[PDB]
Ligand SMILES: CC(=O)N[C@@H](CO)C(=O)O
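Have a look below at one chain only, the form solved without the named molecule, in C-alpha cells format.
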C-alpha cells in the first residue's frame, strides 16, 4: 500500500561502525519500502570502500573521512560523532573526577584499527599533547574491544554510539568529546552515477539535511570542499 515498485539495485560499501550502529534502522525502512530494489552491503577498509566506488561495483561509500578518499568522489557530510572511554569500574580512570588526555595516556589502550574509524583523531590528539599512546589492542569492532577491556587488557576508546548502558551494564563510560576532535561521517558516489529516486531517498533518510535539492546542487559544485562549507552555518546531526 505504501511501498514503491521501483526496480534497481543499491550497492553500498561501509565500515563495521556504520553497518552496526548507524545503518540497520535505515536499511530496514528502505528494504520494506523498496522490495524490487536488491540491496548490497559490503564491509571493508576506508581504502577498499574507496576502490569499490571509484573503480568497483559499489554505488555509495559510507565512511568517516577519509574515506571515500579521495577526491574524485562526490562527498556529502552526514553527521558528527565522537568517542567515549570505556573501562572497568575499579579502574583508576573511573575514579578520577575529570579525565584529561595526560591521565589517559598513562594507560594501555584498546581501540579501533589503524586508519581507522576515528583513530587518527586519537593519534593526532596524542601527538598534539606531546604524548605517546600505548596501543595494546586494535580491532574493527567495538564488541571485541569491550570483551578485552572487560577482562582487563586496558582502557577502551570507542564510538559513543557503540555504547549502551542497558546493553553494556557494568562498564563505566567516560565522554571524551573534550579530549578528541569529532569525526565526520560522509556519504558519496561517482559523478557519473545516475541518481535514482530511492538513492535520494536513502540519502535523505541517512542525512535529513541532504534533500534532493541540496544533493543536486552539491553535485554541481564540482568540489567536496565547497559541499562541506555548504552546511557550516547549520548544526549537523550528532551521534
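The term rigid core refers to the most C-alpha atoms you can superpose between the two forms while keeping them within 1.5 Å. Positions refer to the first chain, counted from 1. Shifts are known only where both forms have a C-alpha.
The following text describes the form solved in complex with the named molecule, which does not appear among the structures shown.
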Quick one: does residue 161 come within 4.5 Å of the named molecule in the deposited bound form, counting heavy atoms only? yes
Proximity of residue 82 to the named molecule in the deposited bound form, heavy atoms at 4.5 Å: no
Would residue 116 sit within 4.5 Å of the named molecule in the deposited bound form, counting heavy atoms only? yes
Does any part of residue 7 reach within 4.5 Å of the named molecule in the deposited bound form? Heavy atoms only, please. no
Within 4.5 Å of the named molecule in the deposited bound form, which residues of 201-239 have a heavy atom? Give them in sequence order, or say none. 206, 239
Out of 41, 195, 69, 26, the residue that alone shifts its CA by 2 Å or more between this form and the one not shown when the rigid core is the reference: 69
After a core superposition, which runs of 3 or more consecutive residues shift by at least 2 Å in C-alpha position between this form and the one not shown? 65-70
